[PDB]
Amino acid sequence: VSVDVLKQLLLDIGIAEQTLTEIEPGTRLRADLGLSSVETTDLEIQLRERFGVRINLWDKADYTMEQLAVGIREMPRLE
Amino acid sequence: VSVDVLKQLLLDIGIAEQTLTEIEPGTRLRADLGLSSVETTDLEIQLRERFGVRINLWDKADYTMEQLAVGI
């Protein structure tokens, strides 16, 4: 249900907090947040390196906050 | 751009993560990573369509990750 972890990640990579005030489970990275190419690339890097989550926004057109939150909860980690 | 960014762009065109472990400034596109002609072309397309960056990766015989960053 919760997207707080992902909201904080976005904040962590430099997304402005005013862009994030209405974030919901169905909020989409491109179509709703309007994330830039550099921002999406930074997100893919940090998802992989911090959370073990591997996504490809070159290949896939978009992802919701929910799908990414769930990925984070599900992915195996050594910690 | 950093080596990290280049590594992600390469992942995103389907270069295997295993092939990218130990990637660094000196790593070469063709002689070390073994990029195919189709993969090279895919990298060009991604740079142009995702970032607005036009680069011709047949202008040189090969590119280290550092030359690629500078060229970008």
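Below, all heavy atoms of this structure are taken into account, side chains as well, without hydrogens, waters or symmetry copies. The sequence lines fix the lettering, A, B, ..., with proteins before strands; numbering per chain opens at 1.
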inquiry  = Show, in sequence, the C-alpha distance, side-chain angles and deciding distance for A/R48 and A/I55, and conclude whether the side chain to side chain contact (heavy atoms under 4.5 Å, CB included) test is met.
reply    = CA-CA 8 Å; A/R48 184 170 36 83; A/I55 54 160; over 6 Å; no

query = About how many Å separate OH of B/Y63 and CZ of B/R30, when rounded to the nearest 0.5 Å?
reply = 6.5 Å

key: ILVMFWY cluster membership beyond A/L78 - transitive side-chain contacts under 4.5 angstrom   = none

query = If you look at every heavy atom in A/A69 and A/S2, which pair is closest and at what distance?
reply = CB-O, 3.6 Å

inquiry  = Let me confirm one number: the CG-CD distance from A/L29 to A/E39, rounded to the nearest 0.5 Å.
reply    = 10.0 Å

ask   = Roughly how far, to the nearest 0.5 Å, is the CG atom of B/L10 from the CG atom of B/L35?
value = 6.0 Å

ask   = Going through the distances and angles, do A/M75 and A/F51 end up as a side chain to side chain contact (heavy atoms under 4.5 Å, CB included)?
value = CA-CA 7 Å; A/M75 286 297 130; A/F51 299 107; over 6 Å; no

key: Residue pair B/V38 / B/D42, side-chain heavy-atom distance below 4.5 Å   = yes

inquiry  = Less than 4.0 angstrom from a charged side-chain N to a carboxylate O is my criterion; do A/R54 and B/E17 meet it?
reply    = yes

request  = Any chance you could measure B/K7, atom NZ, to B/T27, atom OG1, to the nearest 0.5 Å?
outcome  = 11.0 Å

ask   = Any side-chain heavy atom of B/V3 within less than 4.5 Å of one from B/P25?
value = yes

message = Test of understanding: with salt bridge (charged side-chain N to carboxylate O under 4.0 Å, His left out), list the residues that count as partners of B/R28, not counting sequence neighbours.
response = B/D32

ask   = Is B/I15 linked to B/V1 within one hydrophobic cluster, defined over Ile, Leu, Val, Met, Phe, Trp and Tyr using a side-chain heavy-atom separation of less than 4.5 Å?
value = yes

remark   = Cluster membership besides A/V70, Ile/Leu/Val/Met/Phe/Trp/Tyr side chains within less than 4.5 angstrom, sorted by chain and number, is none

task = Could I get the full list of side chain to side chain donor-acceptor pair (under 3.5 Å) partners for A/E24, not counting sequence neighbours?
result = none

request  = Give the minimum heavy-atom separation between B/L57 and B/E44, together with the two atoms involved.
outcome  = N-OE2, 2.8 Å

inquiry  = Let's go through B/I13 and B/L9 carefully: what are the C-alpha distance in whole Å and the side-chain angles of both, what is the deciding distance for side chain to side chain contact (heavy atoms under 4.5 Å, CB included) to 0.1 Å, and is it a yes or a no?
reply    = CA-CA 7 Å; B/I13 60 164; B/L9 299 197; over 6 Å; no

key: From CG (A/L11) to OG1 (A/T19), nearest 0.5 Å   = 9.5 Å

task = Identify, with sequence neighbours excluded, every residue that meets side chain to side chain donor-acceptor pair (under 3.5 Å) alongside A/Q8.
result = A/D12

remark   = The complete set of salt bridge (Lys or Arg N to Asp or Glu O under 4.0 Å) pairs with one or both residues in residues 58-74 of chain A, sequence neighbours excluded, reads none

note = The reported gap from CH2 in B/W58 to OG in B/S37 (rounded to nearest 0.5 angstrom) is 4.5 Å

B/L43 side chain reached by B/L47 side chain, heavy atoms, under 4.5 Å = yes

message = Do A/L6 and A/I23 make a side-chain contact, defined as non-hydrogen atoms from C-beta onward lying under 4.5 Å apart?
response = no

ask   = Under a 4.5 Å cut-off applied to non-hydrogen side-chain atoms, are B/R50 and B/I45 in contact?
value = no

